[PDB]
>>> print(open('structure_29.cif').read())   # mmCIF, C-alpha atoms and all ligand atoms
data_protein
loop_
_atom_site.group_PDB
_atom_site.id
_atom_site.type_symbol
_atom_site.label_atom_id
_atom_site.label_comp_id
_atom_site.auth_asym_id
_atom_site.auth_seq_id
_atom_site.Cartn_x
_atom_site.Cartn_y
_atom_site.Cartn_z
ATOM 1 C CA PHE M 1 46.890 27.211 14.303
ATOM 2 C CA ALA M 2 43.103 27.318 14.541
ATOM 3 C CA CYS M 3 40.294 25.604 16.409
ATOM 4 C CA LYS M 4 36.776 24.556 15.749
ATOM 5 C CA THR M 5 34.010 22.845 17.637
ATOM 6 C CA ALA M 6 32.090 19.696 16.757
ATOM 7 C CA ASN M 7 28.586 20.884 15.523
ATOM 8 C CA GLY M 8 30.126 23.552 15.264
ATOM 9 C CA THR M 9 31.763 26.974 14.974
ATOM 10 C CA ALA M 10 35.407 28.031 14.487
ATOM 11 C CA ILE M 11 38.038 30.321 15.907
ATOM 12 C CA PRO M 12 40.482 31.309 13.184
ATOM 13 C CA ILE M 13 44.213 32.007 13.166
ATOM 14 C CA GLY M 14 45.081 34.795 15.585
ATOM 15 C CA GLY M 15 42.589 33.626 18.154
ATOM 16 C CA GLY M 16 39.215 34.963 19.235
ATOM 17 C CA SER M 17 36.081 33.660 21.052
ATOM 18 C CA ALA M 18 33.435 30.993 20.637
ATOM 19 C CA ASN M 19 30.435 29.759 22.599
ATOM 20 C CA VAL M 20 30.114 26.033 23.500
ATOM 21 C CA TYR M 21 26.981 24.172 24.734
ATOM 22 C CA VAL M 22 27.403 21.104 26.846
ATOM 23 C CA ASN M 23 25.049 18.328 27.915
ATOM 24 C CA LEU M 24 25.025 17.816 31.626
ATOM 25 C CA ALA M 25 23.677 14.971 33.842
ATOM 26 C CA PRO M 26 20.210 16.284 34.856
ATOM 27 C CA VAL M 27 20.581 14.878 38.344
ATOM 28 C CA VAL M 28 23.786 14.876 40.478
ATOM 29 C CA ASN M 29 23.995 14.173 44.234
ATOM 30 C CA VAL M 30 26.488 15.535 46.778
ATOM 31 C CA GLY M 31 29.612 13.381 46.475
ATOM 32 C CA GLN M 32 29.031 12.751 42.772
ATOM 33 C CA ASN M 33 30.731 14.300 39.743
ATOM 34 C CA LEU M 34 29.424 16.129 36.742
ATOM 35 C CA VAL M 35 31.983 15.372 34.057
ATOM 36 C CA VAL M 36 32.148 17.936 31.275
ATOM 37 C CA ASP M 37 34.598 16.552 28.715
ATOM 38 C CA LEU M 38 35.433 19.240 26.094
ATOM 39 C CA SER M 39 37.842 16.905 24.290
ATOM 40 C CA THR M 40 34.917 15.572 22.288
ATOM 41 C CA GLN M 41 33.918 19.184 21.382
ATOM 42 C CA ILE M 42 36.999 21.307 20.797
ATOM 43 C CA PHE M 43 39.522 20.408 18.151
ATOM 44 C CA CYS M 44 42.716 22.187 17.071
ATOM 45 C CA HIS M 45 45.332 21.735 14.385
ATOM 46 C CA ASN M 46 48.753 23.035 13.331
ATOM 47 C CA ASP M 47 48.744 24.709 9.885
ATOM 48 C CA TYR M 48 52.476 24.156 9.190
ATOM 49 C CA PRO M 49 53.821 21.122 11.101
ATOM 50 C CA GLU M 50 56.927 20.690 8.930
ATOM 51 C CA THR M 51 58.385 24.022 9.999
ATOM 52 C CA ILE M 52 56.474 25.054 13.110
ATOM 53 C CA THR M 53 55.641 23.502 16.460
ATOM 54 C CA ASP M 54 52.549 24.873 18.189
ATOM 55 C CA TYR M 55 52.359 25.013 22.029
ATOM 56 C CA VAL M 56 48.935 24.994 23.666
ATOM 57 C CA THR M 57 48.195 25.581 27.370
ATOM 58 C CA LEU M 58 45.069 25.948 29.446
ATOM 59 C CA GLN M 59 45.818 29.509 30.499
ATOM 60 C CA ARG M 60 42.843 29.858 32.804
ATOM 61 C CA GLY M 61 39.601 28.150 33.762
ATOM 62 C CA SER M 62 36.937 30.264 35.439
ATOM 63 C CA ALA M 63 33.545 29.281 36.886
ATOM 64 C CA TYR M 64 30.263 31.181 36.455
ATOM 65 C CA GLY M 65 26.628 31.154 37.536
ATOM 66 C CA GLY M 66 25.439 27.933 39.104
ATOM 67 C CA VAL M 67 28.822 26.264 38.826
ATOM 68 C CA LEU M 68 30.530 29.141 40.632
ATOM 69 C CA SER M 69 27.927 29.209 43.381
ATOM 70 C CA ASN M 70 26.910 25.538 43.805
ATOM 71 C CA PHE M 71 29.906 23.439 42.730
ATOM 72 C CA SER M 72 33.503 22.875 43.534
ATOM 73 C CA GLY M 73 35.742 21.152 41.064
ATOM 74 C CA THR M 74 38.871 20.190 39.258
ATOM 75 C CA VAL M 75 40.079 20.402 35.676
ATOM 76 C CA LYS M 76 41.935 17.622 33.939
ATOM 77 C CA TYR M 77 44.323 18.858 31.293
ATOM 78 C CA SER M 78 46.258 16.315 29.211
ATOM 79 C CA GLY M 79 46.481 13.714 31.964
ATOM 80 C CA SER M 80 47.126 16.125 34.868
ATOM 81 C CA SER M 81 44.539 17.464 37.359
ATOM 82 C CA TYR M 82 44.225 21.010 38.693
ATOM 83 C CA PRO M 83 41.877 22.983 40.942
ATOM 84 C CA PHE M 84 38.944 24.549 39.052
ATOM 85 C CA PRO M 85 38.799 27.600 38.972
ATOM 86 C CA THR M 86 42.523 27.390 38.084
ATOM 87 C CA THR M 87 45.357 29.024 40.082
ATOM 88 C CA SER M 88 47.977 29.084 37.285
ATOM 89 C CA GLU M 89 48.562 28.415 33.569
ATOM 90 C CA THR M 90 49.197 24.706 32.773
ATOM 91 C CA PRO M 91 52.151 23.014 31.143
ATOM 92 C CA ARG M 92 51.947 23.004 27.313
ATOM 93 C CA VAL M 93 50.627 20.410 24.942
ATOM 94 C CA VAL M 94 52.318 20.120 21.552
ATOM 95 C CA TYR M 95 50.320 20.340 18.314
ATOM 96 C CA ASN M 96 52.420 19.028 15.447
ATOM 97 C CA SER M 97 49.939 17.805 12.826
ATOM 98 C CA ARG M 98 47.415 19.196 10.309
ATOM 99 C CA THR M 99 44.931 16.611 11.531
ATOM 100 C CA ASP M 100 42.420 17.895 14.071
ATOM 101 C CA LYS M 101 43.449 16.726 17.502
ATOM 102 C CA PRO M 102 41.194 17.188 20.586
ATOM 103 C CA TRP M 103 41.895 19.857 23.155
ATOM 104 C CA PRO M 104 42.304 17.533 26.172
ATOM 105 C CA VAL M 105 40.303 19.463 28.810
ATOM 106 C CA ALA M 106 37.618 17.987 31.115
ATOM 107 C CA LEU M 107 35.833 19.535 34.124
ATOM 108 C CA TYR M 108 34.977 17.430 37.219
ATOM 109 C CA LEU M 109 32.308 19.280 39.217
ATOM 110 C CA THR M 110 30.750 18.217 42.512
ATOM 111 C CA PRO M 111 27.851 19.942 44.333
ATOM 112 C CA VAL M 112 28.651 21.905 47.508
ATOM 113 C CA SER M 113 26.451 21.008 50.485
ATOM 114 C CA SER M 114 24.334 24.179 49.932
ATOM 115 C CA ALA M 115 23.332 23.163 46.427
ATOM 116 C CA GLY M 116 19.708 21.964 46.221
ATOM 117 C CA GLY M 117 17.031 22.382 43.566
ATOM 118 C CA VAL M 118 18.051 23.723 40.146
ATOM 119 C CA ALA M 119 21.787 24.231 40.707
ATOM 120 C CA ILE M 120 22.534 24.986 37.041
ATOM 121 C CA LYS M 121 20.048 26.634 34.697
ATOM 122 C CA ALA M 122 19.613 25.686 31.047
ATOM 123 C CA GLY M 123 21.200 28.123 28.610
ATOM 124 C CA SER M 124 23.299 29.747 31.397
ATOM 125 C CA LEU M 125 27.071 30.372 31.293
ATOM 126 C CA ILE M 126 28.941 27.946 33.538
ATOM 127 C CA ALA M 127 32.636 28.286 32.718
ATOM 128 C CA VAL M 128 35.209 30.092 30.576
ATOM 129 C CA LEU M 129 38.247 28.138 29.413
ATOM 130 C CA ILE M 130 41.099 30.097 27.827
ATOM 131 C CA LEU M 131 43.375 28.325 25.370
ATOM 132 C CA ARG M 132 46.723 30.065 24.896
ATOM 133 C CA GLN M 133 48.721 29.210 21.793
ATOM 134 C CA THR M 134 52.358 29.993 21.081
ATOM 135 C CA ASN M 135 54.971 28.451 18.719
ATOM 136 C CA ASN M 136 58.721 27.852 18.175
ATOM 137 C CA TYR M 137 58.819 30.207 15.221
ATOM 138 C CA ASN M 138 57.727 33.753 15.943
ATOM 139 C CA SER M 139 56.186 36.030 18.582
ATOM 140 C CA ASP M 140 52.647 34.783 18.036
ATOM 141 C CA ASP M 141 50.844 34.590 21.381
ATOM 142 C CA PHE M 142 47.083 34.013 20.917
ATOM 143 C CA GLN M 143 44.082 33.436 23.106
ATOM 144 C CA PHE M 144 41.162 31.198 22.154
ATOM 145 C CA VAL M 145 38.315 31.899 24.555
ATOM 146 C CA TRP M 146 35.645 29.228 25.045
ATOM 147 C CA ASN M 147 32.508 30.283 26.726
ATOM 148 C CA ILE M 148 30.814 27.172 28.071
ATOM 149 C CA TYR M 149 26.971 27.109 28.348
ATOM 150 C CA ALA M 150 24.712 24.532 29.985
ATOM 151 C CA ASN M 151 22.413 22.877 27.571
ATOM 152 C CA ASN M 152 20.005 21.722 30.323
ATOM 153 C CA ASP M 153 19.037 22.234 33.967
ATOM 154 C CA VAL M 154 20.994 20.293 36.527
ATOM 155 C CA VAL M 155 19.147 19.417 39.751
ATOM 156 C CA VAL M 156 20.895 18.672 43.048
ATOM 157 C CA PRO M 157 18.372 16.537 45.004
ATOM 158 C CA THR M 158 17.209 17.605 48.446
HETATM 159 O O1 LIG M 201 49.920 26.430 13.198
HETATM 160 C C1 LIG M 201 51.172 27.076 12.897
HETATM 161 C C2 LIG M 201 51.102 28.516 12.706
HETATM 162 O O2 LIG M 201 49.925 28.828 11.829
HETATM 163 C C3 LIG M 201 49.690 30.220 11.724
HETATM 164 O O3 LIG M 201 50.797 30.758 11.170
HETATM 165 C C4 LIG M 201 50.807 31.022 9.729
HETATM 166 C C5 LIG M 201 52.135 30.804 9.140
HETATM 167 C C6 LIG M 201 53.228 30.554 8.671
HETATM 168 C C7 LIG M 201 54.586 30.325 8.033
HETATM 169 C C8 LIG M 201 55.077 28.986 7.944
HETATM 170 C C9 LIG M 201 56.345 28.773 7.369
HETATM 171 C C10 LIG M 201 57.088 29.864 6.905
HETATM 172 N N1 LIG M 201 56.596 31.144 7.009
HETATM 173 C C11 LIG M 201 55.363 31.376 7.570
HETATM 174 C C12 LIG M 201 49.512 30.873 13.055
HETATM 175 O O4 LIG M 201 48.361 30.329 13.645
HETATM 176 C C13 LIG M 201 50.704 30.584 13.899
HETATM 177 O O5 LIG M 201 50.554 31.090 15.190
HETATM 178 C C14 LIG M 201 50.895 29.166 14.008
HETATM 179 O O6 LIG M 201 52.033 28.901 14.860
HETATM 180 NI NI NI M 202 44.096 25.172 9.056
#
>>> encode(input="structure_29.cif", output="structure tokens", more="lines below")
Ligand SMILES: OC[C@H]1O[C@H](OCC#Cc2cccnc2)[C@@H](O)[C@@H](O)[C@@H]1O
Ligand code: NI
Amino acid sequence: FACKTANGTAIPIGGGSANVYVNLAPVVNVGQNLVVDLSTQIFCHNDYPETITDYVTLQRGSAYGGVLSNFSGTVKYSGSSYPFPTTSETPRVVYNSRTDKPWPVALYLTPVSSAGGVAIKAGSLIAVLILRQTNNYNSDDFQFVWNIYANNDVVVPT
């Protein structure tokens, strides 16, 4: 089991860390959503699907910088929605193919009433999403840590 990003970089077998840059709507009003869909960016595969089933959860989603201070939000993981920052590890998604399949995570962020001006700065860290991988074969228990960076400023109009 390993993951890579579109562009991109890779996290090899045994887990590790990678940095991900996301394009964000430059302008978002109170009551609107920023949608950050990582499912077009992060892809994973099972290295031995005939003998092994891989289980993948979103172990934790954490907010940083302008997202932490100026947004509230939810995370959608494989069809189910959760508070973001998360309060528990999700149910598992099965990886059972050698073909790269998306990691089905998307953030829905909405400005708090105190956001105004540049709410998210370009190049800044906005979120960490931890992928936890296990299997039905051995004791492997690995973390794939995705540091999510804003590609551009996001302005909340005043
Ligand atoms: O993707 C399947 C497995 O690939 C890697 O495992 C390598 C192996 C193997 C193997 C398969 C069949 C028999 N003996 C060993 C690890 O990422 C492991 O965690 C993962 O579950
Ligand atoms: Ni592989």
>>> atom_distance(input="structure_29.cif", atom1="CA of residue 150 in chain M", atom2="CA of residue 38 in chain M")
12.6 Å
>>> atom_distance(input="structure_29.cif", atom1="CA of residue 10 in chain M", atom2="CA of residue 43 in chain M")
9.4 Å
>>> residues_around(input="structure_29.cif", residues="residue 71 in chain M", least_positions_apart="6", cutoff="8 Å", atoms="all atoms listed in the file", output="PyMOL selection string")
chain M and resi 109-112+115
>>> closest_residue(input="structure_29.cif", among="M:149, M:55, M:77, M:1", to="residue 103 in chain M", atoms="all atoms listed in the file")
M:77
>>> closest_atom_pairs(input="structure_29.cif", of="chain M", to="ligand NI 202 (chain M)", cutoff="7 Å", atoms="all atoms listed in the file", output="tab-separated table")
residue	atom	partner	partner_atom	distance
M:1	CA	M:NI202	NI	6.3
M:2	CA	M:NI202	NI	6.0
M:45	CA	M:NI202	NI	6.5
M:46	CA	M:NI202	NI	6.7
M:47	CA	M:NI202	NI	4.7
M:98	CA	M:NI202	NI	6.9
